[PDB]
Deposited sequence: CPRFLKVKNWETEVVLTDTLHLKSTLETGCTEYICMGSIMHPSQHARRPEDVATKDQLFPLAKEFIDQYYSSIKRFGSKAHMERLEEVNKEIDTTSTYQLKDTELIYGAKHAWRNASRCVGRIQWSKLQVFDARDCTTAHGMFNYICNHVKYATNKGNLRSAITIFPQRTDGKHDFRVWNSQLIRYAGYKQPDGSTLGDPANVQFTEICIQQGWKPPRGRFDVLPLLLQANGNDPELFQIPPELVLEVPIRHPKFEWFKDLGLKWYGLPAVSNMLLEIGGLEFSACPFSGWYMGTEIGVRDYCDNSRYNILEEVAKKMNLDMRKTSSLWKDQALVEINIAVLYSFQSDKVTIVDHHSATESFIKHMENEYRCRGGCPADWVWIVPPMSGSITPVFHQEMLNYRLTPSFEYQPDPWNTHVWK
């Protein structure tokens, strides 16, 4: 059936036909919705039998996308892929298909509010990599290219695909650039509390921790299933921003900084039945990712109390909304600081406005846009952004970015 989505502020109604193309499951059933579950449901590798239909599906939509469906090039590619799955139990993507597949994995990422940019993605083919040193080189080049002296450029680097599940390429870092976290003797936590465990895996592997509040973690890189190896990203490649406030001259005295480059490195890229377990990708930040989640989550840097102190807010009762007041000022500071240093950043009003425009484009040219309201709506000021009022349909299209197990729970050491 055709499904309708309505915006309750503008009364615009869009008609979704694209959902008819999905064949992967959401986790919901007719009687139970799992729309707020974060992850709904080494031997698990494909077979020649499961692989050819997935390959055929992907080749078909690629040749349909360049408007040469059923062409001679299309026929030959399908046959070519057939023989290769036969004689090798897998196949290799053409460069054009790799690029198309990575852009469409972004385009299909229902949790990403930034997708208006999906077709402007620089794709770095790293499928010839064999060692952790090679991975380090490729990642440095990615970081330098994507950072671009503050004029951030979206990029993805794609390492060799899974073969037997015993020779996986993995970036063990969850993001390329993150700050360490240290469990203190007295029980509290220095640095980023989200990374205490990963920080300790780096220390346990030989990393000498400076034990500061903003220590960039080393890279921990696993190539071809071997034990991971540590590398220090050269500091001149890591662009950082001191956080200050346009009105509160005391804000700089908090000593806060953050990095300019958000770069997810723990997801799996699926294209045509092939699995790329190492595919770091990076864009630029929406301000609330830093100012709301990173700084103000109770399990993260958790700075609301200090800022509200310096603002001299009444903190005895919640109904003073002292937390909400400090939250806004922290996010003003983040946006001001990146903008003052000419580092790309987008505020949640502009970002969600762009996403509504993006949805309009996709419904017109593509017949829909899968979208996860729970993730699209920003973590502050929700209903004064236009996505709060926008009905969204969530469904799974391939190529896609998927979650995968943490490497330290699966890797057999040597």
Counting from 1 along the deposited sequence, which stretches were left out of the model? 1-2, 44-48
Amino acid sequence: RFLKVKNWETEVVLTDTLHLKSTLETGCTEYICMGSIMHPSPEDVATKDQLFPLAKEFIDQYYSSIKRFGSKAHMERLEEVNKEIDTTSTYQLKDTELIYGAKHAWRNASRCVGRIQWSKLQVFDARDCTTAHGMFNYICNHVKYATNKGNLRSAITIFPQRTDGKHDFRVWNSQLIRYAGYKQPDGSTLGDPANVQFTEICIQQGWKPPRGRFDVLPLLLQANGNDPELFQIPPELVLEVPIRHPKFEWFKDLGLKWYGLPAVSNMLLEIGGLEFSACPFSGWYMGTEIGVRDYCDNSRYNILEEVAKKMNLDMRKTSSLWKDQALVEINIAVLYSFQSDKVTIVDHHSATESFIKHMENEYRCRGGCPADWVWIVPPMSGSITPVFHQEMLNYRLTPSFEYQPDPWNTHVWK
From here on, numbers count along this sequence of modelled residues.
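For clarity, a rigid core is taken as the largest C-alpha set superposing within 1.5 Å between two forms.
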The stretch that moves more in 8 other deposited structures of this protein, judged by RMS C-alpha distance from this form after core superposition, 299-307 or 256-264, is 299-307
Can you check whether 284-292 or 122-130 lies farther from the displayed model in 8 other deposited structures of this protein, averaging C-alpha distances as RMS after superposing on the core? 284-292
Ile66 not built in a third or more of the other entries: no
Please report whether at least a third of the other compared entries leave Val45 without coordinates. yes
Could you check the entry and say whether 368-376 or 25-33 has the higher mean CA B-factor? 25-33
Entry B factor averaged over C-alpha atoms, 188-196 against 283-291: higher for 188-196
Tell me which of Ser154, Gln175, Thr96, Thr90 tops the list for C-alpha B factor in the record. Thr90
Highest Cα temperature factor in the entry, among the options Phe169, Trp106, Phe231, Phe248: which one is it? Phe248
Determine, from the deposited record, the chain-internal third of the Cα B-factor for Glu57: lowest, middle or highest. highest
Considering every modelled residue of the chain and its Cα B-factor in the PDB entry, is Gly165 in the lowest, middle or highest third? highest
When the deposited Cα B-factors of this chain's modelled residues are ordered and cut into thirds, is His133 in the lowest, the middle or the highest one? middle
Would you mind checking where the Cα B-factor of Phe355 ranks among the modelled residues of its chain, as the lowest, middle or highest third? lowest
Mind checking which third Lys323 falls in for C-alpha B-factor across the chain? middle
